[PDB]
Each structure stands twice: as C-alpha cells, then as structure tokens.
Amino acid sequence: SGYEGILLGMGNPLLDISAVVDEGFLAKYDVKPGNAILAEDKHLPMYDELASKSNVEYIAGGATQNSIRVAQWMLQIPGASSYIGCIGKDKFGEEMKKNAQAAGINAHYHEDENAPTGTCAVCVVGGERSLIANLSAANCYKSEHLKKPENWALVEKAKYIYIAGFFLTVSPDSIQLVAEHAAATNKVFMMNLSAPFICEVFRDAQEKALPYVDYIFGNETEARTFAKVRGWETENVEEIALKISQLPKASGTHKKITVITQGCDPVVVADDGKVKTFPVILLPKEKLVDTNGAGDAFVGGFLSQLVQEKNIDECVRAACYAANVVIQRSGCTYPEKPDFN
C-alpha cells in the first residue's frame, strides 16, 4: 500500500498509573490539580502508593503514542503508522511492546539496559487530573539511536512526522535532526505545545524547533502561556493563533497552521492569515466521563485526514470526532472500529 509508514511519531512511551484520590493525597506530594509536572525525588514513593490501591488502572500512555494510536485507529490502513521511543527491559516495557502491536503501530522501541520504563501518575480528583511524569528510560533517548539505519529508515519513509512538546525535555537535538530533514525534503513536520511548563521552562528548546513546524497544536491555556512568555499583551486566542503562524519558518514550502482547542468552545485555526472557528460536537455533562487524552485524540483524528490529503475542515471534523469519542469513555479508549463518515 501507498500509506506504508506514512506517519511517524517520536516521544516518551509512558505507562499511565491512574487512580481516583482525595485533596490530602495531592497536598501530601504538593501537586496542584489540573497541571502537568516532571517527577522529582519527593514524588517517587507516590508510584508505589498508587500501585497499592484497589482502583489503580494501567494504560499505555505518552502524548505522542496516544496521538499515533488514535490516528492509526481512525485511519484503519494497516502498517500506516510508525513510532520511536525508549523503554526499559521490564514488565511495563513488555506491556508497551504488547499494546503497540495490538494498536497496529510499527513501534521501534529502543530498550535501555539499566533504566526502567517511564511511568506517569494520573491522580484524579473530580474531573481534573494531576500528571507527574517519571520519564526514567524515556529520558535516555539519544540522537545516536535515531541515526541507526533501522530507525532512520522510518524517518525517510514517513511524509508526516509528529512530536509532542514533551519530548523537548528529553532530546531537543533528536527533534532538530528530524525537523531539519523534513524541511530539506518538503515533508510535514508537526508538534504540540503539550503543557505550560514546556512553554515556560523549555522556551529556548521550543523556540529553536518551531521554525520547522508546519502544524502547531495546543489548548487555550498553553497558548496564553506562550503569548505571556513572548511578551505579547493579549489573552485572545484568535489573535494569538495568527501571531504564532506569523513567526519565522526555516522553509517556505508550507505555511504554519496553528490549531488551538478551547474545550467546549469552538476550535480556532489560523491558516493563510485568516481565522477559522469550528464549533465542537455538543455533549451533555452526564455523558462527559473523562477529559483524559482529549487533546491527544484531537491531534490523532486531525492526523488521520491530513495523511489522506484532506482539507482543514475535514481534519478538524475528524479531530472533534476522535476527541468526542475518547471523552465519553474512561481514559484514551475507543470502540473496535471508528464511525467517521
């Protein structure tokens, strides 16, 4: 088939350890609700504390893995997706390999000899979660691994390449190597803003990669964080989307299209100097089960139609379908086959 390995993702493969907790649990580990952070030494016993709970759920996660997973599911073409990351030689790493084969992703996972597979605590309070990412083996990815002929073949075969902003903490040099290849080969390189701490702490790494980005995705909060960091005196998402697209580009082959989600409010898309708003699928609060992986599934649905050379209206329509499905189910899960027509 023509779509063989047409979409590649590179990131942090993390097994999510999710559980419903109370206010005291977050106060114990000093974690703010509805915010993502990287794990510190004080947060490490929390993983064993969550593992001991009766309501603990284990699901193969990681922002880029989730988006590639949802794109392959929406697309339904066998062998169309590829993924690159680092895992440990342990039970969680074998679960990561098992899940990727079931999902239909050609995941070339580099197995580190000493580090365990990365985990991510998803502490849930009401309808807001705190993510504490312990990258462990995921943080061991080197440009040396990407340059291996087995891994670099996936970069060359791909036409569309996606990397969540989270991977900028692990290897900005590996990101830059595939980004420079995509500019030189007129391919579609794309990224996510991922979290406010990526825009604030990793501002230099993100700024260096952005000129190579053809489709930048994000939510309203991380777009406002991005605007405040660059001194733009504006909170309006519509003005911020045009200002991001307006930034310099390493290659003028493609324009930069900025897609910003606003939860239940319309999707804002800056494209060729014009702002296009798209209302989302109306959903009652009783059916809204969990907003976990809503942003990652939105990117996945968008990528499924972008791969088939479809217009931006159909990319956003599939992005809303995929996110709508995921929010009505626990975590980033979906039915056997998609019903997008």
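Note that residue numbering begins at 1 and tracks the sequence as displayed.
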Looking only at C-alpha temperature factors in the entry, 290-298 or 61-69, the higher average sits in 290-298
Mean Cα B-factor check, 118-126 vs 159-167, entry values; winner is 118-126
Among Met10, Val21, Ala323, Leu15, highest Cα B-factor in the entry goes to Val21
Listed options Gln262, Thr234, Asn192, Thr258: highest C-alpha B factor recorded at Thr234
Assert third(CA B-factor, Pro78) within chain per record equals middle
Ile312: CA temperature factor from the record, placed by chain third, in the middle
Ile198: CA temperature factor from the record, placed by chain third, in the middle
Split the chain's modelled residues into thirds by Cα B-factor; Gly85 lands in the lowest
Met96: CA B-factor among chain residues, third -> highest
